[PDB]
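The sequence shown stops at residue 1127 when you use the working numbering, and every number in between is there. To start, the structure under review is shown below, and the notes come after it.
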Amino acid sequence: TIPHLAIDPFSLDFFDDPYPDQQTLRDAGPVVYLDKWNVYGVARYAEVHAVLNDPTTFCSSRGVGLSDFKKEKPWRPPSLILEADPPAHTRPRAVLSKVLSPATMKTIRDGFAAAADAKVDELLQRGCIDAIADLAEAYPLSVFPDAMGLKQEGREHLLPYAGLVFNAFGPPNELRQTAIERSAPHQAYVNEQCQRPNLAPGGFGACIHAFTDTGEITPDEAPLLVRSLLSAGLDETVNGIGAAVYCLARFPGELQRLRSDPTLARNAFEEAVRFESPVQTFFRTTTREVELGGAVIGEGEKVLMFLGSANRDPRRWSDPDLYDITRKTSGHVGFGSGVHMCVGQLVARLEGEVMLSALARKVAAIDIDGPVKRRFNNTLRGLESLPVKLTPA
Ligand code: HEM
Ligand SMILES: O=C(O)c1ccc(Cc2ccccc2)cc1
Ligand SMILES: [Cl-]
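Written as structure tokens, this is what we have:
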């Protein structure tokens, strides 16, 4: 009843161009079986959304990667929020929801916006830049580690550790094995910065430790919660920003619309998150026999969700392959959906908005003027290099 496909969604061929195989996965049926890794797959919006919003049946505590924590040892101590189910997930989630809250965004928005304007002004003096290294990577690195309260030394570990985390969600392929092989120095840095004395007052990390006297988390839980904010947030925001720049370069009519109304900056970034989906895939594990899409999935089975495919499903989106900064993007699963829906989404939207705002006000044209190179990751989609010429407005 369930079609079996040999598509490897973690192969370099798939990463280079996933969209034809994603239609093949969508059109084969609501539920497929991937023989390469012995997992179930769902690539349509309806089933991805249904799985995300049933955390009791499709749990996260057995891992959101390929590895089943009931069968294998996690490569690092499990996250207290990402790899936890209700009710254990609830109170750590509440703390992070209060640390990265709407009220907290008010305290950081002016400095985030000023740094975005300053970076665009700096890049416009150079003219020809790499929109990945010099913009998509440089800007988050210029605001987020300071907002965390991290010291200056050792920040070069942040990008490798982020890429390692997302590669480790993948299958035991070469990308995952080499990442873990080189991981020891990055883990040692990250774990040490999670201790309370190493987090500057007023920052995100110090605020997490401050919640330890409320009864929501204990002091021994705070280091691992800080680790969450040093694992997530960087690479996805970098890829989302680089994707927005790539789209404004490939779709010049949308840059012109954004220039004419810079208040479209926030939705322009949200559409880039849907269009690119920096987090392409992750897993759930069934806790019981479940009926999904006419399929009887047994207990203890890994289910692979294709977030980027769900965000391009023509059953849900009109013209899904078009970048439209005025599209009604509400309902996209680029940040997930349900109880685990990205708790840092306000930080990501703030960074993306103020960067696209600076571009909208200061830049007249964005033209690719060099070879575009893709960055390969088991979980993340994004570019490695995006040579562009920025024309001042
Ligand atoms: C464009 C930027 C981002 C994207 C596309 C993204 C994507 C996602 C997705 C899809 C999930 C759901 C995970 C799941 O359901 O298993 C998630 C969760 C999470 N994200 Fe993000 N994220 C982004 C930015 C950030 C930022 C800026 C932060 C922190 C400052 C962050 C921290 C987290 C955390 C801690 C979780 C776990 C939440 C939970 O399990 O309840 N993310 N993210
Ligand atoms: O260490 C953590 O708690 C943590 C790490 C990464 C992420 C981002 C993500 C991971 C897998 C699937 C979708 C998104 C969230 C939380
Ligand atoms: Cl670690």
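Yeah, the Cβ is synthetic: ideal placement off N, Cα and C, and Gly gets one too.
#### Entry: Endpoints, beta strand (DSSP E) assigned at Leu1026
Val1024 to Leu1026
### Query
How many Å lie between residue 1162 and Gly897 at the Cα?
Beyond the ends of the chain as shown, which are 735 and 1127, falls residue 1162; an answer cannot be given.
### Task
Could you have a look at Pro811 and say whether DSSP puts it in helix, strand or coil?
coil
### Query
In the segment 942 to 1019, which residue ranges form an unbroken beta strand (DSSP E) of at least 3 residues, counting only runs that do not cross its ends?
none
### Query
Once you ignore the five residues that flank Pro905 on each side, which residues in its own chain have a CB closer than 6 Å to its CB?
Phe744, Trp771 and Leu800
### Beta-carbon spacing of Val766, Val1037 below 8 Å
no
### the segment 864 to 871 / the segment 950 to 957 touching (three or more Cβ pairs under 8 Å)
no
### Message
Looking at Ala1029: is its Cβ nearer than 8 Å to the Cβ of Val782?
### Response
no
### Message
Can you tell me where the beta strand (DSSP E) holding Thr1125 begins and where it ends?
### Response
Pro1121 to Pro1126
#### Entry: Contact under 8 Å by Cβ, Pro789 with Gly797
no
#### Entry: Element boundaries [beta strand (DSSP E), containing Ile741]
Counting along the chain, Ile741 falls outside any beta strand (DSSP E), and DSSP gives it neither H nor E.
### Task
Report yes if the C-beta of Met1075 is less than 7 Å from at least one heavy atom of ligand 1; otherwise report no.
yes
### Query
Quick one: what does DSSP say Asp864 is sitting in, helix, strand or coil?
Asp864 falls in the strand class under three-state DSSP.
### Query
Relative to ligand 3, what is the chain-ordered list of residues with a Cβ closer than 5 Å to any of its non-hydrogen atoms?
Those residues are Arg810 and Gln921, given in chain order.
### Message
Please tell me whether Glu1035 and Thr1019 are closer than 8 Å, where the distance is taken between their beta carbons.
### Response
yes
### Task
Confirm the yes/no value for this check: CB of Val1106, any heavy atom of ligand 1, distance under 7 Å.
no
### Query
Quick one: is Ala913 buried, meaning 16 or more other Cβ sit within 10 Å of its Cβ, or exposed?
Note on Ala913: 16 or more other CB atoms within 10 angstroms of its CB, so buried under the neighbour-count rule.
### Task
Consider the C-beta atom of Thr971 and the heavy atoms of ligand 1; say whether any pair is separated by less than 7 Å.
The answer is yes for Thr971.
### Query
Does DSSP classify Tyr923 as helix, strand or coil?
helix
#### Entry: Stretch-stretch touch, CB-based, cutoff 8 Å, three pairs: the segment 987 to 1003 with the segment 1091 to 1107
At 8 Å Cβ cutoff, the stretches touch.
### Query
How many angstroms separate the CA atom of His920 from the CA atom of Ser962?
14 Å
### Query
If we count Cβ pairs, one from each stretch, closer than 8 Å, do we get three or more for the segment 883 to 891 versus the segment 923 to 934?
yes
### Query
Which one or two residues does DSSP pair with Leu768 in a beta bridge?
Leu739 and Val773
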